[PDB]
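> Okay, here's the structure, questions in a sec.
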Amino acid sequence: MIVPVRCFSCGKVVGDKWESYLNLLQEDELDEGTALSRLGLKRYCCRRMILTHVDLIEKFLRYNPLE
Amino acid sequence: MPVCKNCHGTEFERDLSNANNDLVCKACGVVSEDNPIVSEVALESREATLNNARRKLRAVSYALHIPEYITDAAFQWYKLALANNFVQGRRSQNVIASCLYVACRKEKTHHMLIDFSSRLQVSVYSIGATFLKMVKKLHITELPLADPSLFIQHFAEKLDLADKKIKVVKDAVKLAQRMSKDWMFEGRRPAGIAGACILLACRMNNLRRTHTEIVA
Amino acid sequence: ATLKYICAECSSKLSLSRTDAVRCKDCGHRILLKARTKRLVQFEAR
Amino acid sequence: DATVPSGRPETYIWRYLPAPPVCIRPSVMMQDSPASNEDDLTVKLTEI
Amino acid sequence: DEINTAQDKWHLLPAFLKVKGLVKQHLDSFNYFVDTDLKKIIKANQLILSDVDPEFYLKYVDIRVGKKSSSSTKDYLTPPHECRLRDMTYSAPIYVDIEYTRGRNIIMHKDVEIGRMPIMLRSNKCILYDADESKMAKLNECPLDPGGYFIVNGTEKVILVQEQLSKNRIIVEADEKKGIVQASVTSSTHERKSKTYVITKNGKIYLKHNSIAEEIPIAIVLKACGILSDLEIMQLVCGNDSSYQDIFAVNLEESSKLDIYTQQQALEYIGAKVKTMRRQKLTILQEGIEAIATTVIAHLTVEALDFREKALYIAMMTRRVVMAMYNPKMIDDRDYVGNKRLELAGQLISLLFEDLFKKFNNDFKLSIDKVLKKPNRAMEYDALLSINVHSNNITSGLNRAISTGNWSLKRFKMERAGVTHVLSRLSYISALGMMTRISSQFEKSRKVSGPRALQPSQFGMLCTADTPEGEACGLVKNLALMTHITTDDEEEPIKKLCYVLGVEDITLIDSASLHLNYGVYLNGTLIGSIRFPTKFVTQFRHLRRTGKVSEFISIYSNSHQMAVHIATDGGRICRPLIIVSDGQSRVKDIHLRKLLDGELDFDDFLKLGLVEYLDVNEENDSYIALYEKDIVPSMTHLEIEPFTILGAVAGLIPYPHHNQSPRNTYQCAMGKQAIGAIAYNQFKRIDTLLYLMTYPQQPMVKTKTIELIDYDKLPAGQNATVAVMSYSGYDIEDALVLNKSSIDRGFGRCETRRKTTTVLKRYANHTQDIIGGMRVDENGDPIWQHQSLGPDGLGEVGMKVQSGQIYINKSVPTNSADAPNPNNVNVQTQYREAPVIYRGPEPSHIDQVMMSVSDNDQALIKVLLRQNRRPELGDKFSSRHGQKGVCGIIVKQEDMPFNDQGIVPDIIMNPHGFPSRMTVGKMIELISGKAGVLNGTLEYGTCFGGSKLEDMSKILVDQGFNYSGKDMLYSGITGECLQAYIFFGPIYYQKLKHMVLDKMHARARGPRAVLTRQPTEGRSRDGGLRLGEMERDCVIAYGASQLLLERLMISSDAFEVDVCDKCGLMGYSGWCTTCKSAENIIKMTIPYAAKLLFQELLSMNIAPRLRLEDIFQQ
Ligand SMILES: [Zn+2]
Ligand SMILES: [Zn+2]
Ligand SMILES: [Zn+2]
Ligand SMILES: [Zn+2]
């Protein structure tokens, strides 16, 4: 639903980077890991959740009560 | 109901928490029971004709999509007049009709006698007369009262177009109750003043409809 | 808002009497939820 | 053996019928409403 | 990038499914119904008249759904999702034009309404049909629900595709002893009817037909079949020289020793031995009384007028049965699909419907009857609106049907059960999972070994993975991804068309025939057996793939049996793949650029003659390769893709081809039970029990199939970092072990939305039921027993709510139960209140409650609770690969290893899991994952293909990890180098049903059943458990008495009986009651079950009068 605040192993703050990540993916066509490489994740455990975790919560907001 | 064998407590609270299900009064501490037991998993002169009575009733009943409930309610009324032998010498249709009709009238739901009578050849003086007579022999009195506010909804479902009608509905109601207030409501058919307000507010709704479509 | 409940489609706040009406005002729609209280609640994050 | 009771095989055809105690085959209770669940033995013999 | 044969073929199956949907099998049937069927089905009975009133009739013309002739698409109908909350049935009314007679000069049509038809989602007439992302939103329902299911009463059900034994073709099965039962059982519209045939004894062969009397010498009937030959008769069914000569002749012997010349004799030998005409229209009692039914008894299949068609057909039946009646094998078995033709949902709905509507019309005659009984004045008045009163047994009855699961057909008096199911939503996968499932039936009792083996012909046309153990009354199978089920096409065009090839009528043929070439068969019906079979077949199959009768209407030949077969039959399994053109394909590898360009569509191959649908028998003829790499000019066809072999669910298995099938079984059967996204609509729908997952994630690796069903967009599971090691010797067998302050950081976290529903029902007492409450003593607070609700007196949104308390208060009057009268004064005020407690082993919250009403205008409240379960010890984590496991001890943090980056192996599994259970796909998959996280890709590795392994090593070595997944680690406790390197890396695990917290159940003293007063049954109601025979007998072998005397005696039923020495029976208190006594009674203990046994016995006539003895005194 949301970027989890930390990965299930490292427990480095993940949440900050999801926004800026997606920014770096949309603008600035660039490779995934290479992004995260300079985005500050040098260890895969953390990295998965950036590579993973489809963002649902907006796909939910379609159904928001007020519409 | 019972009372404690000792403390003389009359108030019994059954604890289901631990899945013992054991009832004890807060006045003693002794259950009066262990492990409450629980469950698991047509030849007549009258009653055959009663299967006929529900049958024809239940049949003709929900053709109008009237409540399954209210039908059941009216059946017992047919048994009531059946006791009075009101059911003897008259056309069964006029009877079974009136039976149902007293219910919906008593429950004040949206249907009309002249409306409901039509499912046959009825001159509506037929059934109206019948219903009037079973009233003469039944002391049922004040319950069947009416207003158009019921009818207008069921009318609108036949009026199509959009939902401004609903807005218009609130229009008519204030209109209606005002016409009830202006004292012209009395002595005339609820259907008439109903479709009256419906029109007047449709003319307020700047639409083109017809008296034909109204009396429909 | 503060009052008792909400539509489904309208999302329009409404309050009701007892044995009164199932419909809301504005919606020709029936079902309706029940709004969340102002009463304080508690969770523990762990 | 004909001691007494068995008083000869005039027992083996039914001249009188033992009716099962209610406790054996209860009519399932009314359980919230007017619906009252039957029980077959009760019904069958009660037609008998 | 130019298009590549290695790459190109892959784009087909998706492009195939891109247009034609995943489930058409419940769709295009149902659609076909609302056009084809009813327009024909009434065209069967369009006219009815009672016997009365010479001038009257009622003439049907129009059938439609959702068009009153206003606009094309239905102008309005209630929204389906919204309806799912109101417990209605989601349906459209029927509009029917009937022009008819009532009285002088009418013959007037109108538009009429027979009732509503319980439509289906995403049909032709669905609302969601052609809806883009907006009508979704405003209409408050998820786009990704596959549809293809019904919804009634607000619950959700599916017609399960019913596999039926294929109907109307000769099947003949060799059997020990016996003499080889043969059969052909034919059904068209009226009268589904069965006729077996077989030898009686020792070459002496006779007809069983439950219509006929029985045991008729056959060749005699063959004379009665009108063929008089007595020479060819042998010569036809027999052969030339070889063996068969003698074998049949014994029949002719006994056929000859009685009679001859059927014209009366034989024929009226059948009319002589036969069931009676059943009274009326026995005017046909004749010698030709049978001659009518001679045509119609066994076969509706042919009939006509002279018999040579039907005759030679029956003869052909005799042929095959004497053929292997010569020698075993050489017989058809029911294994291959060609003898089992399933029939999809749509057809079933008509079969059912038309008989419902049948009973409707039939009784509608009876309706207008009472009109025309007594002719007071002039009665016309159409008696139409009386269809209302007489309606909806068609409609509402049909609801009751589809909700039941049991179909009653009063035309055939044939009743099938378990026809439908509740749609299973435990996941997204589960939804489409039980969809596209296949039930079996019949097959006599279970012990016959037929319903066992899984055959080679099953390749690609049925899932090779999941065939779970739910056998019971049937056998469950699954379609593959690409399976088209071809409906019926048509007959006459192919009939006279084969003649256009120049095939000869049976009548033009040499009598002795079967010697020449092979044979032709329409749906199992021979015509000419034309000369020159090969070029025949070539031209024909060409014409299909070219000019006419596309899809099915296939052709397949035979040698052993000399024949060739072409069928129009419906309900058949078909699969696409590529015809080889000479030595290579027909696509020429450039045509997929002509596909990916965006202007191709699909079936363009078909209409332009590249690929098409196939059949078991068909493909049993053809010759197919695997990959374009291996291709021979001797070949015929070639598959598009290997990975279409496994079905929807099974596609989830990564690298299936590296794992033993026993694993793919359990993995498919469990995969449907995982927990996850469900659908976007999620939080707006309310279910009885609906799980979910708090933080779903894409499985790190992809099987190409996942992209096809749009799976990963709805993930169910966790993408987890896993080590394989023995750490914390709690590991042992299949037991996993977790990391705290991970699950604490969040992981695997669950929520369970449950629901409770209450129907407020009014009473003929004219007294509703009241929801009031919240007594609030002292002014202090609403009592803790209750509390918790709110000013309305009903459960509040978002409140911790606990066992013993009430989230909804329902109360009914006590006088409400009884018979009312219209005599009252004041008090209805008596209310028996039964506020439903929320029981449970833990806290809960209420985030939604609903005050709403159904069609019948009575108040209704259906609410829901949720509680977030922490994936605590005991829960079931699986591997998506076939590892069924339970989390063991949970370790805090410090322990379990870390290594160089200090990563913590969140889920630490067991070594001995893999090798002796032997599944390498999970293992390799790990390497694939640790690769994926590197270059930053979702990664293939799809079935028979996708990602190679050898490259991934180089893909790791640059970033400096082992070319295996292995690595050093450090003791989670002792903190030093581990002795053996450890294979580990991120993988994907998920949490199933069977949360421990539901199933942990215990009983101190629970209720006793009304009957036996023992331990009420199961869980739920309340506890108590089952010690059965087989278990009980155990405690004998320990010689323990007192465990029994406690077990089945004290704590089962602790009970005393008052008994009498004299005339031993069971009395009570102070009497033996057979003897007025008050003396000889002995108070004692026996199982109350035992007393029950006596009284039952003694309630019948029998008496086990007891004898007693001193327990002491020796
Ligand atoms: Zn990390
Ligand atoms: Zn007490
Ligand atoms: Zn509204
Ligand atoms: Zn005695």
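> Working from Cα positions, state the angle (0 to 90°, nearest 10) between the long axis of helix A:15-26 and the longest principal axis of chain A.
90
> Using 1/(1 + (r/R0)^6) with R0 = 30 angstrom and r between the beta carbons of B:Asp34 and C:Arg36, what's the FRET efficiency to the nearest 0.05?
Working from the Cβ atoms, E equals 0.10.
> Per residue of E:811-821, what is the mean number of Cβ atoms on other protein chains within 10 angstrom of that residue's Cβ? Display every interim value, and only then the final one.
Details: counts 0, 2, 0, 0, 0, 2, 4, 1, 4, 4, 3.
Average neighbour count from other chains, rounded to a whole number: 2.
> Here is a follow-up. Give the average, rounded to an integer, of partner chain Cβ atoms located within 10 angstrom of each Cβ in A:56-67.
For this peptide, the per-residue mean of nearby foreign Cβ atoms is 6.
> Moving on to the next point. Can you tell me, using C-alpha contacts under 8 Å and at least 6 residues apart, the relative contact order of chain A as a whole percent? Provide the component values of the computation, followed by the final result.
Working: 54 pairs, mean separation 27.0, N = 67.
After rounding, I find 40 percent.
> While we're here: Take each of the peptides E:618-630, E:336-348, E:697-709, average the number of other beta-carbon atoms within 10 Å over its residues, and list them starting from the highest. Walk me through the numbers before you get to the answer.
Details: E:618-630: 15.6, E:336-348: 20.3, E:697-709: 22.2.
With the highest mean Cβ count within 10 Å placed first, the list reads E:697-709, E:336-348, E:618-630.
> Starting from the Cα of C:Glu44, step 7 Å along the direction of its Cβ; do the same at E:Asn523; then give the gap between the two resulting points in nm.
In this crude label model, C:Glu44 to E:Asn523 measures out at 7.3 nm.
> May I pose another question? Only helical DSSP H runs with n ≥ 4 go in: add -39500 (n - 2.57) per run for chain B, normalise by residue count and round the 222 nm mean residue ellipticity to 500 deg cm²/dmol.
Rounded to the nearest 500, the figure is -17000 deg cm²/dmol.
> Continuing with the same structure: If you take every DSSP beta bridge fully contained in chain E, what fraction is antiparallel? Give it as a percent rounded to 5.
Beta bridges within chain E, antiparallel portion: roughly 90 percent.
> Mind checking the mean number of beta-carbon atoms from other chains within 10 Å of the Cβ atoms in E:790-800?
4
> Write down, largest first, the equivalent ellipsoid semi-axes of segment E:686-841 in whole Å, where each equals the square root of 5 times an eigenvalue of the alpha-carbon gyration tensor.
Details: eigenvalues 519, 93, 39 Å².
Semi-axes, largest first: 51, 22, 14 Å.
> All other residues with a Cβ under 15 Å from the Cβ of E:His1001 taken together, and with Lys, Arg as +1 and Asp, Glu as -1, what is their net charge?
Numbers: positive: E:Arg839, E:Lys999, E:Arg1003, E:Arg1005, E:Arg1019, E:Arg1021, E:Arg1026; negative: E:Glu842, E:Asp998, E:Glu1017, E:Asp1022.
Around E:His1001, the charge tally is +3.
> Using R₀ = 41 Å, calculate the FRET efficiency as 1/(1 + (r/R₀)^6) where r is the Cβ-Cβ separation of E:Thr5 and E:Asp489; round to 0.05. Don't skip to the end; give the middle numbers.
Working: r = 34 Å, r/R0 = 0.83.
Calculated transfer efficiency: 0.75.
> Please state the shape class of segment A:1-66: rounded when a/c is under 1.5, otherwise prolate if a/b exceeds b/c and oblate if not, all from the C-alpha gyration tensor.
Details: a/c = 2.74, a/b = 1.44, b/c = 1.90.
Taking the square roots of the gyration eigenvalues as a ≥ b ≥ c, segment A:1-66 is oblate.
> For E:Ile553, what is the net charge nearby, where nearby means another residue's Cβ is under 12 Å from its Cβ and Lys, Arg count +1, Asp, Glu -1? Write out the running numbers ahead of the final one.
Numbers: positive: E:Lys495, E:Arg541, E:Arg544, E:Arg545, E:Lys548, E:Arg572; negative: E:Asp488, E:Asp489, E:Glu490, E:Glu491, E:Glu551, E:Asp569, E:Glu612, E:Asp615, E:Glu618.
For residues surrounding E:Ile553, the net value is -3.
> Another question, if that's okay. Relative contact order of segment E:172-225: what whole-number percent is it, with Cα pairs under 8 angstrom and at least 6 residues apart?
Computed over segment E:172-225, the figure is 21 percent.
> Helix-only mean residue ellipticity at 222 nm, chain E, DSSP H runs n ≥ 4 weighted -39,500 (n - 2.57), per residue, nearest 500. What is it?
It comes out at -6000 deg cm²/dmol, rounded to the nearest 500.
> Where the centroid of each part is defined by its Cα atoms, how far is segment E:216-235 from segment E:295-367 in Å?
23
> Right, something else. By its C-alpha gyration tensor, with a ≥ b ≥ c as the square roots of the eigenvalues, how is the protein assembly as shown shaped: rounded for a/c under 1.5, else prolate for a/b larger than b/c, else oblate? Mind showing how you got there, number by number?
Values: a/c = 1.27, a/b = 1.06, b/c = 1.21.
Since a/c stays below 1.5, the shape of the protein assembly as shown is classed as rounded.
> Determine the calculated [θ] at 222 nm for chain D from helices alone, applying -39500 (n - 2.57) to every DSSP H run no shorter than 4 residues and normalising by the residue count; nearest 500 deg cm²/dmol. Before the final figure, lay out each step's value.
Values: 1 runs with 8 residues, N = 48.
That calculation yields -4500 deg cm²/dmol at 222 nm.
> While we're here: Where in segment E:103-125 does the amide nitrogen come within less than 20 Å of the point 7 Å from the Cα of E:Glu380, taken along Cα to Cβ?
In segment E:103-125, the label zone of E:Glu380 (backbone N under 20 Å from the point 7 Å along Cα→Cβ) covers E:103-112.
> Can you give me the relative contact order of chain E as a percent, contacts being Cα pairs under 8 Å and 6 or more apart?
Here the relative contact order equals 9 percent.
> Quick one: net charge of E:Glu641's neighbours, Cβ under 14 Å, K/R +1, D/E -1?
Details: positive: E:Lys9, E:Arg575, E:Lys629, E:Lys704; negative: E:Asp8, E:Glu628, E:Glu639, E:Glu707.
That works out to 0.
Here the Cβ is made from the backbone with ideal geometry for all residues, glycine too, and neighbour counts use every protein chain on show. Rule-based calculations on the coordinates, nothing more; no lab input.
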